[PDB]
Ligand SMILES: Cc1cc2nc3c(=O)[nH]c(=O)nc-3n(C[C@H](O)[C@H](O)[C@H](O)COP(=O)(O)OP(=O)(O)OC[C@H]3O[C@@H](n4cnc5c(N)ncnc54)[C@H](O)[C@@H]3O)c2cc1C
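The chain below stands alone and is given in structure tokens; this is the form solved without the ligand.
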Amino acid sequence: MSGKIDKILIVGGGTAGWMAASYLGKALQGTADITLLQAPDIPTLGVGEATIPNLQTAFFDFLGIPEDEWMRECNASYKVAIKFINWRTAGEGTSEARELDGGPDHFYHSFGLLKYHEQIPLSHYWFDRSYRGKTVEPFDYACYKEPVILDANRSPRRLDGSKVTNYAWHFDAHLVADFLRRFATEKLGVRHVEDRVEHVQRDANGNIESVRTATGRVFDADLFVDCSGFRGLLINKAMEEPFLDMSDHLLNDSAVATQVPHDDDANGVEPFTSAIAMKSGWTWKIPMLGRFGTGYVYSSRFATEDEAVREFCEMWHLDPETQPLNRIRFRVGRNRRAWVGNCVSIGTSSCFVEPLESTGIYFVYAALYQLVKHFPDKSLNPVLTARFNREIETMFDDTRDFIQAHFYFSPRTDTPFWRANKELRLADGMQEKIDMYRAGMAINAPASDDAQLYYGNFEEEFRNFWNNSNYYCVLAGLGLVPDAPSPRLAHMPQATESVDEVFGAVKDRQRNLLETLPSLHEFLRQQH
């Protein structure tokens, strides 16, 4: 028919489902009846979720929820960066960084944007100096103030509350989902129904007419949102939309995870997520309050589930026979089309990639934002659907490419896994970026180096999600550098001379913040 969408049914009630319910409930408030169908699942351990800055500005701010309100109810901690440990040295899976060129084998991928100097990213000046032997300091320590304060577990905020850097959050997803469930049902009028989908009825146009549950209830709506996770109950099962496996770019498809109690008083809390390289994958460490979530993401192609359990438990000194563990098999890739007919997939039902760069939750609300932007009426204009699908496919594929580069450019050749990664091919779009990088060009340089604008305007960030800063942190961090300095620098003697103070400013902030900032633990004590 025609007329606006009157009823929406969300199938699936986890993080994605209740985020969808909250975002749509907020966006269409009072002009659409929303029902979320939810069936009980086997409970799992809170193994932790890491996020990015726009979670607050693009999601919680949109809902009208203050950082302090949701943080306290979700027992959240702070994330200032992802610390990559042992990606450049051979060896077993260990929590301790090995030695590399006189220092621990780690590098940071921090938030924020590299400063521009005479229209050129600081990255280019750093490399120019490194290349000409004027420096041996790593890219991250030279261009970011964060590495130094993170090495000392400092808080991203002073005791008086003032923030000194861009940061995100670490939390148990289950708590956020419960928080949102209460918010959506209590504040936004979303209807929660506890039932299991038994049958999906489609019409002759291939659209979903209704969903019938195991109790015999029939739920019809104008638009259906699939938040059923890997099963893709609607988008794949009912709509039969093909899923594109991308194991030709990503070898990791499994994980063994758990949660470990932690004495924050004795050891403090790390203001960062750790990405610890393993023999057949990598392990995440996500610090929360009084405990940390950790999971070994690996490739079933190079390690059996039991070998992964052993490697994982031994690294944390846990009993492989008694430790509570979540054994997961991921569905890596994306649907050929995220939205088909009147069925929009949101969450893992849509796409999934290992949490190497904290994009899981981002993918959920980035998509919800794109859905509302391309919101249809009952005629389901195909142009809205196609453009939405294009945005989603690009969002995922760029991430897929970026993550693959973490493994493709690691210098490690010590296990079949690391060696195999180098035998895969990068997508053409990614290879073009590397060609540009090697030629000394910036990759997706931000329009402005103003981080407040970037993280404060979703449209601005979504169009430049993976920017030059991100690419340099990871590529240079791993050891991939340009074949030679940007040739235009040889024509800018005054700029390459005055940049001295730009590097000096970072050094002063590194020193000042290190001497004045409280530890993350200290701040959390006062705060929570």
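Residue indices: 1-based, along the sequence shown.
The form deposited with the ligand bound exists for this protein as well; it is not shown, and the discussion that follows is about that form.
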{"query": "Partner contact for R196 in the entry with it bound: the ligand, 4.5 angstroms, heavy atom", "finding": "yes"}
{"query": "In the entry with it bound, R231 touching the ligand (heavy atom, 4.5 Å)", "finding": "yes"}
{"query": "Interface membership of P147, the ligand in the entry with it bound, 4.5 Å heavy atom rule", "finding": "no"}
{"query": "4.5 Å heavy atom contact, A21 to the ligand in the entry with it bound", "finding": "no"}
{"query": "Candidate stretches 36-44, 56-64, 23-31, 488-496, one within 4.5 Å of the ligand in the entry with it bound by heavy atom", "finding": "36-44"}
{"query": "The single option of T348, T165, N252, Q370 touching the ligand in the entry with it bound, heavy atom within 4.5 Å", "finding": "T348"}
{"query": "Residues of 10-34 having any heavy atom within 4.5 Å of the ligand in the entry with it bound, listed in sequence order", "finding": "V11, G12, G13, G14, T15, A16"}
